[PDB]
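Trainee: Sequence and experimental coordinates follow.
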Amino acid sequence: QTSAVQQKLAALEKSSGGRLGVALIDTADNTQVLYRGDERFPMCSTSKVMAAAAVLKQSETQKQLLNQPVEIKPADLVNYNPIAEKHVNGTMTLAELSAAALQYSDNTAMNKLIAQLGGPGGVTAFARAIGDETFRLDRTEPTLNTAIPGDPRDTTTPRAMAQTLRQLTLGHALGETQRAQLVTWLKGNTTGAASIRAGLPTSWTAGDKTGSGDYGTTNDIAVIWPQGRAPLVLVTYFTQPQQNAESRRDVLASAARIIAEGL
Ligand SMILES: *[B]([O])([O])[C][N]C(=O)/C(=N\OC([C])([C])C([O])=O)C1=[C]SC([N])=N1
């Protein structure tokens with residue numbers, strides 16, 4: 001079946017010239033709305049939620065892990081390091097790295113999370129441990145953002161990422177204190193007002209993690225507390241046919257608005 005909402009998303013996609021993937025979970029009734037929900041998309045920085053969550057899981061058995069210092073060296077800097085460059089020849093704690101990765105999309109910070117987990121496969125292993133059979137992280141920053149059409153590296157599906165984000169932020173994949181920490185981090189994101197949240201009333205509370213990469217890849221994953229009802233989880237992924245395509249956060253906002261309309 002094709003619902004009215006799915007028809008509108010396809011219309012949006014046609015006008016956009018790219019490929020759009022959407023997955024909604026409404027936690028009031030657990031119902032789902034998907035558009036290309038089982039197609040793979042490059043995650044880009046939306047993968048940082050899984051990495052941060054994996055380190056939060058490690059911290060459940062190490063009370064001091066989030067305060068553990070990690071050395072930042074000049075050679076560690078990559079393409080986008082707004083927080084880590086302040087700490088070169090110094091240290092950042094794993095909490096500071098997590099916050100920088102999530103709230104500023106610092107890529108050096110992400111590489112330190114990946115290293116703490118033993119490499120990209122450590123992030124994938126955590127995904128599997130919490131029931132996500134789809135997620136895969138294969139590379140570090142910055143090459144995990146190449147976003148080449150047809151490449152399975154560093155991809156997931158909208159369906160899988162919505163389910164995982166629900167389990168991490170509203171369910172019991174993490175301990176209570178760690179879940180709260182992840183939600184606090186996402187709610188303090190600085191990069192998201194033009195993406196999913198631009199399509200929802202600005203008055204609704206939400207947290208999100210954006211992603212950007214080559215092929216004009218423009219992504220967002222969000223947990224949303226709408227006024228008067230149970231939270232939503234919403235994934236919007238978008239990627240374009242040209243390697244040097246421009247960002248299209250407006251397409252994510254438009255997808256979110258269509259979903260909101262549909263409630
Ligand atoms: B993540 O997807 O937010 C990390 N993003 C990147 O590394 C890319 N751009 O990030 C900045 C510079 C902050 C931006 O302009 O979006 C990136 C990697 S490949 C590419 N074309 N853009």
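Mentor: Arrived safely, thanks for sending. Numbering: from 1, shown residues only.
Trainee: can you list the residues of the stretch 151-263 of the chain near the ligand?
Mentor: 210, 211, 212, 213, 214 (CB under 6 Å from any ligand atom). Bear in mind the C-beta positions are built from the backbone N, C-alpha and C, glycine included.
Trainee: all helices for this structure, in order.
Mentor: With DSSP state H as the criterion, the chain has helices at 4-16, 48-59, 94-104, 107-116, 120-129, 158-169, 176-187, 249-262.
Trainee: who wins for proximity to residue 24 among the ones you listed?
Mentor: Between residue 24 and the helices of the chain, the tightest spacing by CB to CB is seen for helix 249-262, at 5.4 Å.
Trainee: Put the alpha carbons of the closest one into CSV.
Mentor: The C-alpha coordinates for helix 249-262 follow below in CSV (Å, rounded to 0.1, in the frame of the first residue of the first chain):
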residue,chain,number,x,y,z
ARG,A,249,18.5,20.6,4.6
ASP,A,250,15.3,22.1,3.3
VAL,A,251,14.3,18.7,1.9
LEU,A,252,14.6,17.1,5.4
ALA,A,253,12.5,19.9,6.8
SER,A,254,9.9,19.3,4.1
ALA,A,255,9.9,15.5,4.8
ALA,A,256,9.4,16.2,8.5
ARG,A,257,6.5,18.6,7.8
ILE,A,258,4.8,16.0,5.7
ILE,A,259,5.2,13.5,8.5
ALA,A,260,3.9,16.0,11.1
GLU,A,261,0.8,16.8,8.9
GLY,A,262,0.1,13.1,8.7
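Trainee: picking up where we left off before, now tabulate the residues of the stretch 151-263 of the chain next to the ligand in a markdown table and tack on neighbour count.
Mentor: Output for these, formatted as a markdown table (neighbours: other CB atoms under 10 Å):
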| residue | neighbour count |
| --- | --- |
| 210 | 26 |
| 211 | 25 |
| 212 | 19 |
| 213 | 21 |
| 214 | 18 |
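Trainee: In strands, which of the residues you listed fall?
Mentor: 210, 211, 212, 213 (DSSP state E).
Trainee: From the chain's centroid, how far away is stretch 92-111?
Mentor: Distance of stretch 92-111 from the chain centroid (CA atoms, centre = their mean, to the nearest Å) equals 14 Å.
Trainee: Endpoint to endpoint, that stretch covers what distance?
Mentor: 12 Å (CA to CA, to the nearest Å).
Trainee: which residue sits closest to residue 247, ignoring its sequence neighbours?
Mentor: On the basis of CB to CB, 6 or more residues apart in numbering, the spatially nearest residue to residue 247 that is not a chain neighbour turns out to be residue 218, at 5.0 Å.
Trainee: can you tell me which residues contact the one you found?
Mentor: 195, 211, 212, 238, 239, 247, 248, 249, 251, 252 (CB atoms under 8 Å, 6 or more residues apart in numbering).
Trainee: okay but residue 26 is in contact with residue 230, surely?
Mentor: Yes. At 7.2 Å, residue 26 counts as touching residue 230 under the criterion of CB atoms under 8 Å.
Trainee: out of those two, which sits in the more crowded spot?
Mentor: Per other CB atoms under 10 Å, whichever of residue 26 and residue 230 has more neighbours is residue 26, with 20 against 12.
Trainee: quick one: which of the helices of the chain is nearest residue 70?
Mentor: helix 107-116 (5.1 Å).
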